[PDB]
Amino acid sequence: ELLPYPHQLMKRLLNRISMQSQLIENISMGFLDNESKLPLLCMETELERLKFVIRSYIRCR
Amino acid sequence: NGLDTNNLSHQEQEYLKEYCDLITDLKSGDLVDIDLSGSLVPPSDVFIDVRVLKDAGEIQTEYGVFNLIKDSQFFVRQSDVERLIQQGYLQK
Amino acid sequence: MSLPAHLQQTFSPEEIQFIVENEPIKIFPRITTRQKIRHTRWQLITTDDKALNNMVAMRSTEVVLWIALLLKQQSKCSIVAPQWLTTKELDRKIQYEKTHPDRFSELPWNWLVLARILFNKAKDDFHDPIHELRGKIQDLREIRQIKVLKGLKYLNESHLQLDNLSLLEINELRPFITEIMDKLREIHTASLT
Amino acid sequence: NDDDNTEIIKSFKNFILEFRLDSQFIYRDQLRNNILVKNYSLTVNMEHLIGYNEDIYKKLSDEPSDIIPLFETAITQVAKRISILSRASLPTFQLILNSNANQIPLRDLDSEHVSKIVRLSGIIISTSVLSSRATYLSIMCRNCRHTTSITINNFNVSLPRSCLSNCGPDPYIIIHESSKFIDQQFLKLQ
Amino acid sequence: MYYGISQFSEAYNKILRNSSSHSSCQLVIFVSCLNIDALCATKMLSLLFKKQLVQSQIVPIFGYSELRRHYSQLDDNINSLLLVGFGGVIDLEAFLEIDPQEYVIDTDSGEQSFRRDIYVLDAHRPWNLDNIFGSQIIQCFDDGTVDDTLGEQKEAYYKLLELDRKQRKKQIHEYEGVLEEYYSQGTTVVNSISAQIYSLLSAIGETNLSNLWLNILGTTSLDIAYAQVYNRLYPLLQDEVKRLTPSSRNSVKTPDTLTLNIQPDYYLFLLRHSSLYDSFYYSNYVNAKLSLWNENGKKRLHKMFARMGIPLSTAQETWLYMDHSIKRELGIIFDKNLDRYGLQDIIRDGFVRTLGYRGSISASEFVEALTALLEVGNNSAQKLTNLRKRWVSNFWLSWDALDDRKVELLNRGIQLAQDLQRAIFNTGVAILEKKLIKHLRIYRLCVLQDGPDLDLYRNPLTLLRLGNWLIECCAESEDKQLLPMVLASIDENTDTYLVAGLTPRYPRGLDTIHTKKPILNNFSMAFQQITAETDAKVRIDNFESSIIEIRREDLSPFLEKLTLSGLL
Amino acid sequence: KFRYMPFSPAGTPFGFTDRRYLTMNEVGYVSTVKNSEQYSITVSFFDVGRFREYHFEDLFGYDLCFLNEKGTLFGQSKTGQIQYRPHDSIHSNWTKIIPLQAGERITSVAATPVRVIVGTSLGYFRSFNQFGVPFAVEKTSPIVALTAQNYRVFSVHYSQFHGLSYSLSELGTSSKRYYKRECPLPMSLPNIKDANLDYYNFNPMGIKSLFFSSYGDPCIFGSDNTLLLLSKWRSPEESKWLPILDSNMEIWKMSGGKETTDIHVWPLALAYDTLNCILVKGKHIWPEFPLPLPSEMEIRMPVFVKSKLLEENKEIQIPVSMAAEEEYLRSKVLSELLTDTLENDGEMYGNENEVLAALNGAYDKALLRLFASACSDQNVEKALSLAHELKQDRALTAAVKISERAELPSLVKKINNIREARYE
Ligand SMILES: [Zn+2]
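For the record, the sequence lines run as chains D, A, B, 5, E and F. Those letters in the first sequence? Residues 75 to 107, 120 to 147, by the deposited numbering. Those letters in the second sequence? Residues 105 to 107, 119 to 207, by the deposited numbering. Those letters in the third sequence? Residues 1 to 38, 47 to 201, by the deposited numbering. Those letters in the fourth sequence? Residues 20 to 107, 131 to 198, 205 to 213, 235 to 259, by the deposited numbering. Those letters in the fifth sequence? Residues 1 to 108, 111 to 166, 223 to 436, 461 to 650, by the deposited numbering. Those letters in the sixth sequence? Residues 473 to 664, 670 to 791, 814 to 923, by the deposited numbering.
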């Protein structure tokens, strides 16, 4: 069966994702402007993984 | 399509067009941040080396440009070139 | 349709991988991010950030597995072998298995996948001879498969109790077992008036 | 002596249980599958055996007739260990080889190749019909009635003439019922 | 001088500081295909950047014109250019027509800077002084050759550049003569590019067994032509092998057990992957010594094997299937009677990689297979473009082969090497019987017009292999003096002769008072001068200038000028 | 008789191999390898981010090596050659040979971010600057080891006649202060297997290693395999060595009560509350060139009676009382040293204040377990003494509650008086 869509969870998660992507873009702009990128790579992969999970769930339902 | 018309009945063709419209409607708006048409394979690899299967000339990127030159290899993040790979230009 | 058929009623090994990486793990950082009281910061969301900004060289700590693997791809991290991944532990589990043919051993729910990942990208860290570890894991796999067949012999509509079966094995056997149970239940119910 | 045979058997068991390339015990898995389809027989590449340890391959080449049965026994033991839970039967397994080395033309074959593992090719001209070969026998002693049996191999034996618990010159006889046999064809090559 | 050995790490750090940005890739690596050591160097650099996680691109190239057009299409975003094994002698700034002002940015202050950076690893020897000195956008990772040999050349160049009249003449003519003397000298590779990159990694402390193996492979490939360079570098590679060697000794062989050990690498062909008889039968040195090309040489080969006491039948058996007794006592067998036959030089200790139970491989055999893969991995202008596309595909195939996982590709390369080697041997014996070699008194011209193997010879490396075998036989032939060797191969589809100018060489084992001197190669300069003087269509575009093309009808007139040329 | 031999912290002999670790520490490890006469020195840094690995060949065959973030101090005892190699590489590897009289052999070498120190078999202490400019030469009791952390230099002065002695001093850029001078070092020398002797041949003193603590307290690990820390080292009056670990007992503990032998803790460096060291589970107490992953073990006050544990077992079980006592002592000493460092040297990390607060809490709660233990014994007087040591008055509320649950009205009254007194 289709499970009750946990509205609040996805709402908060999407808000966090939006702001996270925006601030990542801000760090990218700063780079264009220490400077170790390892945390930047961790951000990029974390966002990719989270977006992947959300997409999987959405497509499944 | 999110990323043989003769075989399709005209009703089938219209329905498929409507379905494509519906999908683009979904990925547009709320939830746009995630690309529903995106691959359902998990992004295990942050970075992937790729060889251009078919030369198509330079292509643009958010912060760069990729010169697609037959038998030229690129080491770039998977996400950026996943669409090109799906388009068959890029190998591995 | 939004979901390929092969994904309709199960998880492919890649999804199993991902869910495994969601876990944390002991590691020995080769970097000291911890800024002295005398700068780029991680600031993650889905996992802890406190530890990450407090990395100190050669100081054990926990991080989600996928971050650990990302660093291990670099020379900047070392993955600490889980205790259960030890010749002594594997031998003990093997002996338990032979001792209790009916029951499975209490391996980590993610033992197979975790072992494979570490073997592929963590050969250096493993203290014990890696070949012996691979062999013992293979033997455990064989024994568990045999016990799986023995249990299958008793497939019944009522219910099943896999107990300590590992997640990877569960995903492997999901389709067959589920379908057989479904057909058996259909038959028995049809028998019911 | 028997100790050396046991040592060779152990070496072959180790080869099967240990020979790994990349991250797969190719031979362990192959044996497990072949058992899974009841095909109680294993195929081995000579190059792989050499890679594991040249010594076993060379010993095999020296005395194939005796080495091979030991290898098949090792295969049987490994099959029992991997397919049947210990402290919780299978037939003798057929061993299949693939040298893939330089061939020897049919005509060239001569005394030099006697008892040597040969590698060649041709076209099969005819095929016989399968016959019985007694892997195992059930044996009764004609006068004292002493039970016994023999396990014979298709390499390189006859019904013992002695009583082993005068009773007779050949008091032993075959009990076809309890005995076990296999198939054996005969092919001709040009 | 421009970038000396000591400052390789600093140049690398500068490259990072410029092109390091996860946002986009600003580093492009131009690599001239058809060079084993170049491929190894490029792979090493690729792995290094992978560690540094700096996005970059690989650009295989075959000809100078290809490099020119590729630079034309370049994007300003790219600021780092890595040129591997090409451009060292040419005036890249002139050839690429780079204007410093076009790229000049942030010059300031006694300082200079440009938007792009052209790094050159082309270690031939006759460094373009303008590149060394005149250019700044040009960056050359020099092995110190400039600071050790060209100091007078540097002085003369800076004086001539300073000059901007009896005294004027009395100085300018001497400086011009000095520069010309530094010119007009044939090309001769100085050192392994792989060796330079390995040294740089040592500076960056990235050295690992894999990198050492790659450097070993590059140097071993270089050996055949510039044996002296290989001899000079061998102690260093052995030192590194010992340095990275694990403590455990005689550890039980396991699939995971991987070793790179030095032990006798007999100077033969595919010994481990071909019958001893075959290995001897195709070992260039062996044939040169015994003249196996003639049937009497084959008779002597049978005699030698009989002397070994080895059953010939056994000698033709697969090496992996040798009897253990022979497979192990071959050391003593070679120790005996090798001098009797004068083949004692074959004995050579060398690097031999191995892994798990899959088997073993000598660096020599590995590089041989790599060359075979490079060569046979698979409107006239379109035909040439397609041929060079096949060559580039072979380049990438070899790149893939470098990975250990793709052992299947390595085996395929081994079989291809066997086939090519036997074909080369057959062609060489046919040539010698035909006496196609003509003593022109300026060179031993040998033009090729026979159909079979001609298609294969269209590949420059295949022609180089055939010519190398011929040169081995000739040099071993004491009657023949070190005359320059000329090879041409007509391509029916293009109706052009693949002219190749092959330098002579003193006997492999030869190491007396002479042989020490390097016989530079003036083939390229002679070809270029004749081409400029004449108009016969030719192709100097190929990075190896010694190899050029010419019309089937432009050949003989060009040959006539060549013998007429005094440059040779 | 005793033999004076060159030593470096946690060094390892060549043994049967041609490669040995010149020395190892938190910063990294340097291992050399014989190579056709010429020795190949490889300098490995633990923190890849901080520094970069580099390897150079040593013709002099330097056997003495000192590692510190600033640089390395390679020296050869028999020759007197000493070479410094700044890690920054901004400055050349200044090198010089010291005057070695007949038999004068460099015992060890100490590196200070500003000064340089060299010790000799004859006890000829020598001081050079970062650039090698000499400072002065001094004769002292022969120094076998020359640990030097930051500006704190700890030396082990031993003699056949003066016996075991140590001098603690922090030279610093200025105001050179000698905390202690050749005071007797309370450590037990090895008893006089082949590998053990060879290490003793390679380390006559038998010092497994020598280093300062994470915060910078001197740390020693002798052949006894006991890690001794100089409690109150900053104050000589109360300075005292406390055994914070007895590796043998801990190994026998984690072994499930098994008397393992091959296990050999190779002291590398002492993190706060935890020892970074390699467990060499082989005949050679020293590790091998393929250095394994360092192991971490928490410090333990050695107050476990092995007989008690054996009786419990007959996975080792520890009585909650003896355990609680051990944690009490460990927390007490840790808090002592933590407060001393915090007040004397501030904190390199702000967390230390909260760490000390939690440690005081654990101290009080250990007093509380033992208070309950005494109450169960009806030793209301002993329990009263325990509550007396209690640091937190809220923990004292917990204690009076325990006494109520222990049915000790006299006890409860006593702890109530204690409440009032602390309120006073
Ligand atoms: Zn009888």
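Note that the Cβ used here is the ideal one computed from N, Cα and C, for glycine as well.
- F38 (chain 5) has a beta carbon lying within less than 8 Å of a beta carbon in chain E.
- Rounded to whole angstroms, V89 (chain E) and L163 (chain E) show a C-alpha spacing of 19 Å.
- Excluding five sequence positions before and after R149 (chain B), none of the CB atoms of its chain fall closer than 6 Å to its own CB.
- Three or more Cβ pairs closer than 8 Å define a contact, and the stretch 81 to 98 of chain E meets that threshold against the stretch 20 to 36 of chain E.
- For the stretch 22 to 36 of chain E, the set of residues with a beta-carbon nearer than 9 Å to any beta-carbon of chain D comprises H22 and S23, in chain order.
- At a cut-off of 8 Å, the C-beta of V147 (chain A) has no neighbouring C-beta in chain B.
- Summarising the contact set, residues whose Cβ lies nearer than 6 Å to any heavy atom of ligand 1 are, in chain order, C183 (chain 5), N185 (chain 5), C186 (chain 5), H188 (chain 5), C211 (chain 5), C236 (chain 5) and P240 (chain 5).
- No alpha helix (DSSP H) of 4 residues or more sits fully in the stretch 589 to 616 of chain F.
- Annotation: Cβ neighbours of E132 (chain D) in chain B (cutoff 7 Å, chain order): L52, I53 and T54.
- As the crow flies, the alpha-carbon of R557 (chain F) is around 11 Å from that of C537 (chain F).
- Taking 9 Å as the upper bound on Cβ-Cβ separation, chain A lies near residues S46, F49, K50, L53, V54, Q55 and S56 of the stretch 43 to 56 of chain E.
- Going by C-alpha positions, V879 (chain F) is about 13 Å away from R904 (chain F).
- For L88 (chain D), the closest Cβ of chain A is nearer than 8 Å.
- Taking a 10 Å sphere around the C-beta of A746 (chain F), we find 16 or more other C-beta atoms and assign the residue as buried.
- Residues of the same chain with a CB within less than 8 Å of the CB of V160 (chain 5), apart from the 5 flanking positions on each side, are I146 and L151 in chain order.
- Counting along the chain, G70 (chain 5) sits inside the alpha helix (DSSP H) bounded by residues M65 to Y71.
- With contacts defined by Cβ atoms closer than 8 Å, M66 (chain B) and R34 (chain B) do not form a contacting pair.
- If you compare the alpha carbons of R307 (chain E), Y379 (chain E) and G4 (chain E) with that of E73 (chain 5), the shortest gap goes to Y379 (chain E).
- The C-beta of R34 (chain B) comes closer than 8 Å to at least one C-beta of chain F.
- Among the residues of chain B, those whose CB is under 9 Å from the CB of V520 (chain F) are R30, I31, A65, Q82, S83 and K84, following chain order.
- Exclusion of the five residues before and after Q602 (chain F) leaves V586 as the residues of its chain whose Cβ lies within less than 6 Å of its Cβ.
- Chain-ordered listing is empty here: chain 5 has no CB closer than 7 Å to the CB of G85 (chain E), the nearest sitting near 33 Å.
- Distance check between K300 (chain E) and each of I513 (chain F), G487 (chain F), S561 (chain F) and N663 (chain F) places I513 (chain F) closest, using alpha-carbon atoms only.
- Scanning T616 (chain E), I630 (chain E) and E615 (chain E) for the CA closest to the CA of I622 (chain E) turns up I630 (chain E).
- Look at the beta carbons and you see the stretch 634 to 648 of chain E touching the stretch 600 to 619 of chain E: at least three pairs across the two are nearer than 8 Å.
- At a cut-off of 8 Å between beta-carbon atoms, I98 (chain D) makes no contact with chain A.
- Inter-residue distance for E154 (chain E) and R540 (chain E) is about 42 Å (C-alpha atoms, whole angstroms).
- In the DSSP assignment, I174 (chain A) falls within the unbroken beta strand (DSSP E) covering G172 to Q175.
- Closest in alpha carbon position to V236 (chain E), among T246 (chain E), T151 (chain E), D166 (chain E) and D593 (chain E), is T151 (chain E).
- By the beta-carbon neighbour count (other beta carbons within 10 angstroms, threshold 16), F523 (chain F) is buried.
- Among the residues of chain E, those whose CB is under 9 Å from the CB of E173 (chain A) are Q73 and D75, following chain order.
- Put simply, the CB of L155 (chain A) is near chain B, with a gap under 8 Å to one of its CB atoms.
- Between the C-alpha atoms of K96 (chain B) and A873 (chain F) there is a straight-line separation of about 40 Å.
- Taking a contact to require three or more Cβ pairs closer than 8 Å, the stretch 479 to 489 of chain F and the stretch 555 to 573 of chain F do not qualify as touching.
- Scanning its chain for C-beta atoms nearer than 6 Å, with the 5 sequence neighbours on each side dropped, one finds around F49 (chain E) the residues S56, in chain order.
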